[PDB]
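The primary structure of each chain is shown beneath.
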Amino acid sequence: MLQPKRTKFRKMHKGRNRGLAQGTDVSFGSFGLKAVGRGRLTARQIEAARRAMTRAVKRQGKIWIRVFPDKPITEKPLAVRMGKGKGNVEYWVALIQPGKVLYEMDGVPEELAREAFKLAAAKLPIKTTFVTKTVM
Amino acid sequence: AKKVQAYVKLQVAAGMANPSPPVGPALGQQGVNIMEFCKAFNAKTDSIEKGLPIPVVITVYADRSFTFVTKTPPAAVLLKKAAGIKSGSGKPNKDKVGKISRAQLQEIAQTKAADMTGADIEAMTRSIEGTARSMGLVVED
Amino acid sequence: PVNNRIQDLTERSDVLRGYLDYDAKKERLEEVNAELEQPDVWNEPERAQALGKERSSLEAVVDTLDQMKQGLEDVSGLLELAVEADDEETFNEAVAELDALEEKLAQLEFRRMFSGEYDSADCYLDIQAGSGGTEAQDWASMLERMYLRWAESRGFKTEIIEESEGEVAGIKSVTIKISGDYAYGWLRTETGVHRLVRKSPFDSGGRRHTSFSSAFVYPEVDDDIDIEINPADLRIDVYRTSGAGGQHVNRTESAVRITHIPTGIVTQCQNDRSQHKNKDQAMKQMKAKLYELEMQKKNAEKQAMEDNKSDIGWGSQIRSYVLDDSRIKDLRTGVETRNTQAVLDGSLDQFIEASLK
Amino acid sequence: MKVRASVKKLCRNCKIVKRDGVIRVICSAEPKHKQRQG
RNA sequence: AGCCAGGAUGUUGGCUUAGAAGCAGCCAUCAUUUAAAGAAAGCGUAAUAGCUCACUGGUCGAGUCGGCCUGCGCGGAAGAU
Ligand SMILES: [Zn+2]
């Protein structure tokens, strides 16, 4: 499970998904998955996606992970009166603005990559599109 | 000419009399029995070459007797006495296990004049070369 | 020197041969080939599957031990020509295919140590002292030392884990771990109660003693703490808490019962006020009970396995260490060793192969 | 006839059909592979 | 888009696996006759044999194929007088 090593702080604000993506263009590999819908990827989700893509590949080529869960979600225990401070850190999310290329891949056919990214999309919460490596 | 009734292409070494451990029930299944593969199969063996897996036609008949004309021995088994090596694929082009010369290949080719439907010897030679390459023997030019 | 080794190998093969039934398995193979050579054998798939593989497994023994007898002779003949004519290459080619034969023999030897689910795994042995009071203790320590010597000779890490020393001198109970390649295979056949006859040094009148000490050998198992029970296997049901609380407890589904679907084990809880604490507490309790169920079933299976071994009885008395007459007679060996001092110094090679057979 | 929300052509013989609203799959070769959105 | 036949041989490519010849698995994945035929794509045999497809010569006679681009539409879509 992908979780930050050393933390400056334990808890955080809910924040806003407001804005546009910075990790937009396909950088490393040949075939990437761009995020159409804005949202948040939990750490578990990410791992599931990774699993899906590994299975799709059947151990083949090289896969990149541009995204990483930077913000923790603090959830209160079940059936608690609203006050008494913040809850406890349960899982880690990365806030996804529209346009974020999530996972990149090379060494495989395009169709195969697409298939992999379909599986990944199934695991993931948000709507996505397949993109290729761009010159300039 | 009569249409195809029943055939099962299953043969082993020509030197061995009566195929029964490797092939088994397959040859003696439909019409022609097990015992008709030691007197008929060894009769055509003596004329050409002994101790080599050569395929033979087994067009089965209702009259128990079957017609057979054997071909010239395969490229897979002719490329063993002149090739030098025994082992083939698995790790063929990953690491070179044997060596093959073009002249040798050509020589091997010339024997199968009746086996292959071809107008020229060069074509046959190149087919043989291809076969060798497939097996795992890299052609030396 | 090399030619005499060939003969030894041949002898070894021959002795192996009788037990593995060369005259019976070759006959067995005759009957399979009588039915399976006929095209109409796949009327019954169920039986044919069990026989088809069996025959294939038996062909790799009978025919190979025939290729051994055929092999040794040829190599010997190969050797003879070279030495006589002072040729060198054939000498080297005579050793290299004799070499194959040893490996084959090992494989067949390995096949004896292959039979069973646990063989190559880590190994434990408990040497429990008998009823002798002091003599038994003395025996146990000796046994331990012998085992250690054997371990040293074979080439294994020997780790004494528990060691309860004797009240006067010796060992009351000792557990040693022996790790390595097929470590349990050599030691599985050593399991049993050891009959020691001796003129004791602890007896003031110097009586002769029939003494016993168990050497129970068992393999190290995979831990397997608890299987993660998926929500499809649990049946979660909520209801009202029994008792007092006005309008509140009368109107709560706080109490929970969890039932394991295939088993039938049911765990309830109505302790805490919240449903959600109870659900996870009664699951924690449910998990605990599942472990017990799995622990208890494993223990009963063990119990039943050991009650088989109990009904062997006097057969547990395996190897009679007649030290008062030097000779040692193991029940399955049928042979006596006149050098007790070598036996005690870890040379049980004469006893492993015979007891395994 | 399977109950689905995703009616995918699992093989070549599978045939997508909209029968007055309801989306359906029917396979000629396989009786299992026929599906229904519901 | 239909239909008529071929759709292979050198070949059983080879190495293999309780049984694999395209199909428990691993790799080569070249050439012959060529109008085409993959060392065979999906069914199927105990492995073979067999049913087909990619492709190929004819017939039929005009547009057809899959991408995104959104506009709207279905399903997905079930409650209690
Ligand atoms: Zn279908």
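Residues numbered from 1 in each chain as written, not as in the entry; some residues may be left out. Chains lettered and ligands numbered in written order. Part of a larger assembly, values for the part shown. Heavy atoms only, no water.

Structure determination for this entry is recorded as cryo-EM, at 3.500 Å resolution.

Going by the PDB entry, chain C carries the name Peptide chain release factor 2 and comes from Escherichia coli. For the record of chain C, the UniProt heading Subunit (literature references left out) holds the text "Interacts with the ribosome. Recruited to stalled ribosomes by ArfA, in the presence of truncated mRNA, ArfA influences RF2 conformation so RF2 can hydrolyze the peptidyl-tRNA bond. Biotinylated tnaC mRNA can be detected in a stalled 70S ribosome-RF2-TnaC-tRNA(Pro) complex." Under the Sequence similarities heading, UniProt states for chain C: "Belongs to the prokaryotic/mitochondrial release factor family." (UniProt positions renumbered as here; feature names shortened; annotations may be inferred.)

Naming follows the PDB entry, where chain B appears as 50S ribosomal protein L11 of Escherichia coli. Within the UniProt record for chain B, the comment given under Function is "Forms part of the ribosomal stalk which helps the ribosome interact with GTP-bound translation factors." Under the UniProt heading Sequence similarities, the note attached to chain B is "Belongs to the universal ribosomal protein uL11 family."

Trainee: Tell me what's going on with the sheet that holds strand 5 (residues 88-96) of chain A, and back it up with residues and numbers.
Mentor: Residue and element names in this part refer to chain A. Taken in spatial order, the 3 strands of this open sheet run 2-5-4, and their pairing is antiparallel. The strands lining the two open edges of the sheet, one partner per strand, are strand 2 (39-42) and strand 4 (71-75). Neighbouring strand axes in the sheet, compared pairwise and without regard to direction, differ in orientation by 45° on average. As paired elements, strand 4 and strand 5 share 5 bridges and run antiparallel to each other. What sits directly across from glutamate 75, in strand 5, is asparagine 88. Sheet contacts for helix 1 (residues 43-57): strand 2 and strand 5; angle to strand 2, the most-contacted strand, approximately 75°. (Pairing = 2+ DSSP bridges. Helix = DSSP H or I, 4+ residues; strand = E, 2+ residues; numbered from the N terminus. Axes fitted to C-alpha atoms, helices over the stretch in contact; angles between N-to-C directions. Contact = heavy atoms within 4.5 Å.)

Trainee: Quick one: what's the story with the protein's contact with RNA strand E, residue by residue and with numbers?
Mentor: If you check the shell around RNA strand E, you find 37 residues, and the closest are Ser89(B), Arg126(B), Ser127(B), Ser134(B) and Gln37(D). Near-protein atoms of RNA strand E (within 4 Å) split between backbone and bases, with sugar and phosphate holding 59%. Contacts to RNA strand E include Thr117(B), whose backbone N or O atom sits 3.2 Å from a sugar or linking oxygen. One of the backbone N or O atoms of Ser127(B) is found 2.8 Å from a base nitrogen in RNA strand E. For the surface near RNA strand E, the secondary-structure elements that each account for two or more residues are helix 1 (75-78) and helix 3 (121-135) of chain B together with helix 3 (45-85) of chain C. Top element by residues in the surface near RNA strand E is helix 3 of chain B. It accounts for 8 residues. Partitioning the surface near RNA strand E into residue classes produces 14 nonpolar, 15 polar and 8 charged. (Near = heavy atom within 4 Å. Polar contact = N/O pair within 3.5 Å; in protein donor to acceptor, adjacent residues only side chain to side chain. Nonpolar A, V, L, I, M, F, W, Y, C, P; charged D, E, K, R; others polar.)

Trainee: Describe the sheet that holds strand 3 (residues 22-27) of chain D, listing the residues and the values that go with them.
Mentor: Two pairing modes exist for strands in a sheet, parallel and antiparallel, and in both the strands are linked by backbone hydrogen bonds. Residues and elements named next belong to chain D. Across the sheet, 4 strands lie side by side as 1-4-3-2; this open sheet has mixed pairing. In the strand order of this sheet, the two ends are held by strand 1 (2-4) and strand 2 (14-19), each with one partner. In this sheet, adjacent strand axes meet at a mean angle of 25° when their direction is disregarded. Note that strand 2 and strand 3 share 6 bridges and pair antiparallel. Paired with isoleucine 16 across the two strands is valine 25, which belongs to strand 3.

Trainee: Could you give me a rundown of the coordination of the zinc ion, with the residues and numbers involved?
Mentor: Here the zinc ion is held by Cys11(D) (SG) and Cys27(D) (SG), and the distances to it run 2.0 to 2.1 Å. Taken as a pair, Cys11(D) in the loop between strand 1 and strand 2 and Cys27(D) in strand 3 lie far apart in primary sequence, 16 residues in all. (Donors = N, O, S within 2.8 Å, 3.2 Å for Na, K, Ca; no water.)

Trainee: Just give me the short version of unusual backbone geometry, but keep the residues and values in it.
Mentor: With the exception of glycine, most residues fall at negative phi, and the peptide bonds are largely trans. Not every positive phi belongs to a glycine, and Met136(A) is a case in point at roughly 65°. Residue placement: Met136(A) occurs in the segment after strand 7 (128-132). Phi is positive for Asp86(C), which is not a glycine, with a value near 60°. In this structure, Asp86(C) sits in the loop between helix 3 and helix 4 (89-96).

Trainee: I'd like a rundown of the packing of helix 2 (residues 22-36) of chain C against helix 3 of chain C, residues and numbers included.
Mentor: Residues and elements named next belong to chain C. Between helix 2 and helix 3, the shortest axis-to-axis distance is 9 Å and the interhelical angle comes to 135°. Judged on the interaxial angle alone, helix 3 and helix 2 are oblique. When the axes of helix 2 and helix 3 are compared, the crossing they make is left-handed. Residues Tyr22, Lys25, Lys26, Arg28, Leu29, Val32, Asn33, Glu35 and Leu36 of helix 2 form the contact with helix 3, whose own contacting residues are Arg47, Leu51, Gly52, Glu54, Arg55, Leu58, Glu59, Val62, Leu65 and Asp66. Partitioned by chemical class, the residues of the contact of helix 2 with helix 3 number 8 nonpolar, 2 polar and 9 charged. (Parallel < 35°, antiparallel > 145°, perpendicular 65-115°, else oblique. Left-handed = near helix turned anticlockwise from the far one by under 90°.)

Trainee: Quick rundown of helix 8 (residues 275-310) of chain C? Include the residues and the values.
Mentor: Residues and elements named next belong to chain C. Along its 36 residues, helix 8 runs 51 Å from first to last C-alpha, staying within 8% of the 52 Å computed at 1.5 Å per residue. Within the sequence span of helix 8, burial applies to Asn278, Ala282, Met286 and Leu290. Taken together, the buried residues of helix 8 touch strand 7 (255-260) and strand 8 (266-269). (Expected span 1.5 Å × (residues − 1). Buried < 20%, exposed > 50% of the residue type's maximum accessible area, 1.4 Å probe, protein only.)

Trainee: Got a sec to walk through the packing of aromatic side chains? Specific residues and values, please.
Mentor: Evaluation of the coordinates by the stated rule reveals 14 aromatic pairs over all chains. Taken together, the ring pairs in this structure connect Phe37(B), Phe41(B), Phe66(B) and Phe68(B) into an aromatic cluster. The cationic tip of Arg154(C) hangs over the ring face of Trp186(C); the distance from NZ or CZ to the ring centre is 4.0 Å. (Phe/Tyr/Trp six-rings, centres within 6.5 Å; stacked < 30°, edge-to-face > 60°. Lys NZ or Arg CZ within 6 Å of the ring centre and 35° of its normal.)

Trainee: Can you break down the pattern of salt bridges residue by residue, with the values?
Mentor: Counted under the stated rule, the structure contains 23 salt bridges over all chains. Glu110(A) is the salt-bridge partner of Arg114(A), the closest N and O atoms lying 3.0 Å from each other. Of this pair, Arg114(A) and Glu110(A) are both found in helix 2 (residues 110-123), 4 residues apart, which corresponds to roughly one turn of the helix. In this structure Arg114(A) comes out as partly exposed when scored by relative accessible area, which is 36%. Among the residues examined, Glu110(A) registers a relative accessible area of 39% and is labelled partly exposed. Note that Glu59(C) and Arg55(C) form a salt bridge whose closest N and O atoms lie 3.4 Å from each other. Of this pair, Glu59(C) and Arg55(C) both sit in helix 3, separated by 4 residues, roughly a single helical turn. Exposure remark for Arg55(C): the relative accessible area of 24% places this residue in the partly exposed category. Residues joined by salt bridges that share partners form a network here, namely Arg145(C), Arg149(C), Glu152(C) and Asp345(C). (Salt bridge = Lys/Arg side-chain N within 4 Å of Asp/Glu carboxyl O.)

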